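Colleague: sequence-free structure coming up:
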Ligand SMILES: *[C@@H]1O[C@H](CO)[C@@H](O)[C@H](O)[C@H]1NC(C)=O
Ligand code: NI
């Protein structure tokens, strides 16, 4: 099991990760492990061979990310020296970003959507700062239908609901949903899914968070 | 016609790490009911 | 076993940037605990690949030598579908297993 | 960047790849991307002014919902009445939380737009009164962008005086030093001893008595061609009498300097007021550069300059013969 | 928000990092921290982590080859040493380790003598390779009116003991005594046949007086160094036989408050070009030039006295004692002490 301090890193920082070596009974065991770090193009850039011997099955490690590095979904692969076929992996994203001041949550009234539901799809927009306090601003929400590994945005389903008292409310009319696809019958949408794309912006215009609820 | 604190005596914050407290601890305290307890004294960031 | 990490302070109010706080750790004896503090703002852009106890047992469970939820086509099938090889001197032995993973 | 050589040896097969990374002088862009923002500030028929903001989109489709992040100048606030007019307008919306702020603290305004044509320019405007008066005001700024793409945007600055809301900065090639300071040192009797100590300061490097030969003044900086009549204190610049040095000073100070050609001046500056690579040095008239009019020979006979020429005269001799004390 | 006297602080690296130096450091009376600088390195770079000295701010996480790092002190502090260090070939950073100084930290008589010899003696051990040792010592004393006869006459005696100290090592270098004010004044030249005579140089150091530069009490450090330049220069013609084998040690006392001539640094650069130093990627020749600076005047500008002093790894060239009495004690402890001079793991010229 590979544990990384963060899920996303900035070009220049160091990736702190540890490896746990346990047997089929989940117990500390001293073994030899091969550790590789592949770039977003799946090509190993660093390979080692540590041993959890006399280390209580805990291998503290780190990898420095160069300033000039390829952004994308990196990967940390590892496996026992005696079992090169059984390889475990843990991914971490490398990208230029900045930590927002608040979070944006999008939870629909129901964890699904009934076809013949005239009421439509009601989605709740809860946004509060990282320290608990609520957010005062405006939201930009848009819907869309997701086919088999395909997304068909719905420009008609665009709304601008004010976020007062750290919360908002948006409803996707059943009319627009059917207008999106060029298929008259509604029983054809059975099986597909919907995705919500909200965006909260403070009244000071200093921060802007983008959330999403797909599936 | 003046008050507040001098802009010279204001220790501004600086430590804003995205991650910290990456250390190791061992529970060797006198076990009671099979449960060991350790009281750590850490320093929160800014 | 068990591992809980609560606050050492007597409730009170919320801490202040640059303040000391007691961190109580109720874990198992002779066990090494590794810590890691992360700003929740990090999980805003990405909350995937998070190490969870649920994922740990998930890997262990999806590695059992058994496939069938229970019973088989015959006596020699019940053992093979459960993860056992019964072989006697009378002649009754279980089916041969070549593939590492489960069929299909 | 050198020409290295790679030598392989042994059995097998591999691959060699060499790529260099750097900053290319593309520009070119001149970015601003899919937006053409033009901001202008003008007086009115406290002071109150008019802020007209025109915008356009570079595309084949009328841009969707956009944002107008405006920042007022320090001491200025939008006219509430005009804000109500734009709020009720079509394709325009302003958060209720923003309307009710009065002249308290509305130095930041956000006007949400529904669409912006890619053909002509959707220009709007609103009055901006001055509730608080203070010297040296800070330039404002307007930013436009879509609700989905923030990276691709354009930001312009506006200022009553300074063109296109830009700040004063002596730029050369790719090295700029902030010039948002005073013209020179100071102006109440500056006796002989006053000049002695102020000229022997650790900072003071060069002390010359120059003559303004030619004045080549521009828009961002004014060249002042001076001729060193004599080197009172030989600074770090190896310059012999007769040679010409080029001085530089902001436009704001041009009125205070009122330097006339064919006139002599006593001036000394700091060693941190140099500009350029040798031997092509250029002195800078910073807030720490002394400048004094030196009455010419026949002018030092008036019953008004005799008191000044005597001081300067003794000053020169004391600085050349004995030099700075201590 | 601030650390009083006798306040202790501890350092601890994360998992997978090695801690070198002093883990526990205590604030001393000299406004400095005890022990060495705490550094947490993982050992993944070509060169070891330069670390971040207490009070400084390092800019650069990459420790590869040819890479560099910059340092910046807090507001109101003077940066001592190098502000930029480049990871040179052979696992070693150029310049010296930075150190934020204030306006009262000074240096104990021991700290000075200990860091001075540890940086001088080593530059002497290599010299013996190998009459007239192939090493020149330029004693530039400041006699400006900004120092005072008090802190001046004390600086003379301070040098007197230095010459005798070097003499105890059985080495007879070439001295060059020069006292400057508005204009340089050469008392002893390295080209003289008496420059090697420690005795004569000492007597010449006694005949001089603070009253010598009273009429023209100026401060032109530039011309002073230029006077030293002419002593190590050549007609050319020469090209001398053994110019690339001679070490030069320039020692000057000054408050750093120059006002005539400009930036004395320019002269130092000219000296480097004359000795062909730092002009070769494969042969730095940094071992052929040492510049020691000592603050004597009441008001001493640590900024300037640092810019002149050399920056060598694990060596100190900038010194500022409490008072003149302590500056003397620095050279008294030397005459008595006889540090071990061994040449282990040493290489000669270089069939
Ligand atoms: C020292 O001088 C001689 C002059 O002939 C030269 O050939 C030699 O290269 C020099 N030595 C060094 C260290 O470069
Ligand atoms: Ni002086």
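Modeller: The structure has been received and is ready for your questions. Numbering: from 1, shown residues only, chains lettered A, B, ... in the order given. Ligands and ions are numbered 1, 2, ... in the order given.

Colleague: Pull the number of nearby residues for residue E:135.
Modeller: 22 (other CB atoms under 10 Å in any protein chain shown). All C-beta atoms are positioned from the backbone trio N, CA, C, and that covers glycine.

Colleague: residues contacting it?
Modeller: For residue E:135, the contacting residues are E:124, E:127, E:171, E:173-174, E:246-249, by CB atoms under 8 Å, 6 or more residues apart in numbering or on different chains.

Colleague: From these, list the buried ones, please.
Modeller: E:124, E:127, E:173-174, E:246-249 (16 or more other CB atoms under 10 Å in any protein chain shown).

Colleague: Tabulate those in CSV, adding columns for distance to residue A:74.
Modeller: Shown next, in CSV, are the buried ones among the contacts of residue E:135 (distance: CB to CB, whole Å):
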residue, distance to residue A:74
E:124, 53
E:127, 53
E:173, 59
E:174, 62
E:246, 55
E:247, 52
E:248, 53
E:249, 53
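
Colleague: mind listing which of the residues you listed are in strands?
Modeller: Cross-referencing the buried ones among the contacts of residue E:135 against strands under DSSP state E gives E:174, E:247-249.

Colleague: Let me know the closest of the residues you listed to chain B.
Modeller: Using CB to the nearest CB, residue E:249 comes nearest to chain B of those, at 41.7 Å.

Colleague: isn't that closest one right next to residue E:287, touching?
Modeller: No. The pair residue E:249 / residue E:287 is not scored as a contact, 11.2 Å apart, by CB atoms under 8 Å.

Colleague: How about the residues of chain A by chain B?
Modeller: A:5-6, A:13, A:16, A:58, A:60, A:99 (CB under 8 Å from any CB of the partner chain).

Colleague: quick one: the helices in the chain?
Modeller: No chain was given, so I picked chain A. Per DSSP state H, chain A carries helices over the ranges A:174-180.

Colleague: wait, I meant chain E there
Modeller: Ranges of helices within chain E are E:109-120, E:122-125, E:149-167, E:198-207, E:221-232, E:265-274, E:302-308, E:324-336, based on DSSP H.

Colleague: any chance of the buried ones among the contacts of residue E:135 in a markdown table, plus distance to chain C?
Modeller: Formatted as a markdown table, those follow (distance: CB to the nearest CB, whole Å):
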| residue | distance to chain C |
| --- | --- |
| E:124 | 50 |
| E:127 | 53 |
| E:173 | 56 |
| E:174 | 59 |
| E:246 | 56 |
| E:247 | 51 |
| E:248 | 51 |
| E:249 | 48 |
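
Colleague: which ones among the residues you listed come in contact with chain A?
Modeller: The subset of those lying close to chain A, counting by CB under 8 Å from any CB, is empty.

Colleague: Run a quick neighbour tally on the residue in chain C positioned nearest to chain E.
Modeller: Nearest residue of chain C to chain E (CB to the nearest CB) works out as residue C:34 at 7.1 Å. Using other CB under 10 Å, residue C:34 has 15 neighbouring residues.

Colleague: How about residue E:149?
Modeller: Neighbour count for residue E:149, taken as other CB under 10 Å: 13.

Colleague: Ok, residue C:75 next?
Modeller: 10.

Colleague: coming back round to it: could you dump the ones in strands among the buried ones among the contacts of residue E:135 into JSON lines with distance to chain B added?
Modeller: Converted to JSON lines, those look like this (distance: CB to the nearest CB, whole Å):
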{"residue": "E:174", "distance to chain B": "52"}
{"residue": "E:247", "distance to chain B": "44"}
{"residue": "E:248", "distance to chain B": "43"}
{"residue": "E:249", "distance to chain B": "42"}
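
Colleague: Which one of the helices of chain E lies nearest to residue A:52?
Modeller: Closest of the helices of chain E to residue A:52 is helix E:109-120, at 43.4 Å (criterion: CB to CB).

Colleague: quick one, what contacts residue D:239?
Modeller: Neighbours of residue D:239 in contact, by CB under 8 Å, 6+ apart: D:228, D:231, D:245.

Colleague: now residue C:84
Modeller: So, once contact is read as CB under 8 Å, 6+ apart, residue C:84 ends up touching residue C:94.

Colleague: Walking through the stretch 1-150 of chain D, point out its helices one by one.
Modeller: D:80-87, D:96-99 (DSSP state H, counting those that start in this stretch).

Colleague: What are the boundaries of the strands in the stretch 101-250 of chain D?
Modeller: D:108-113, D:124-129, D:140-146, D:154-158, D:169-172, D:175-178, D:204-217, D:222-233, D:244-249 (DSSP state E, counting those that start in this stretch).

Colleague: Residue 82: neighbouring residues, count only.
Modeller: No chain specified, so I'll use chain A. For residue A:82, using other CB under 10 Å, the count is 9.

Colleague: actually it's chain D I care about, not the one you picked
Modeller: Neighbours around residue D:82, by other CB under 10 Å: 16.

Colleague: residues in contact with the one residue in chain A that gets nearest to chain B?
Modeller: Proximity of chain A to chain B (CB to the nearest CB) peaks at residue A:5, 4.5 Å away. If a contact means CB under 8 Å, 6+ apart, then residue A:5 has A:15-17, B:19, B:22, C:36, C:38 as its contacts.

Colleague: Try it again at 10 Å.
Modeller: With contact set as CB atoms under 10 Å, 6 or more residues apart in numbering or on different chains, residue A:5 has these partners: A:13-18, A:62, A:92, B:18-22, C:36-38, C:42, E:14-15.

Colleague: ok, now residue E:12?
Modeller: Residues in contact with residue E:12, defined by CB under 10 Å, 6+ apart, are B:23, E:19, E:23, E:38, E:40.

Colleague: Surely residue E:328 touches residue E:321?
Modeller: Yes. If you go by CB atoms under 10 Å, residue E:328 and residue E:321 touch, sitting 9.0 Å apart.

Colleague: residues shared between the contacts of those two?
Modeller: E:109, E:158.

Colleague: Between the two, point out the one with more neighbours.
Modeller: The neighbour comparison of residue E:328 against residue E:321 (other CB under 10 Å) goes to residue E:321, with 22 against 18.

Colleague: Roughly how far does that one sit from chain A?
Modeller: Look at residue E:321 and chain A: by CB to the nearest CB, to the nearest Å, they are 42 Å apart.
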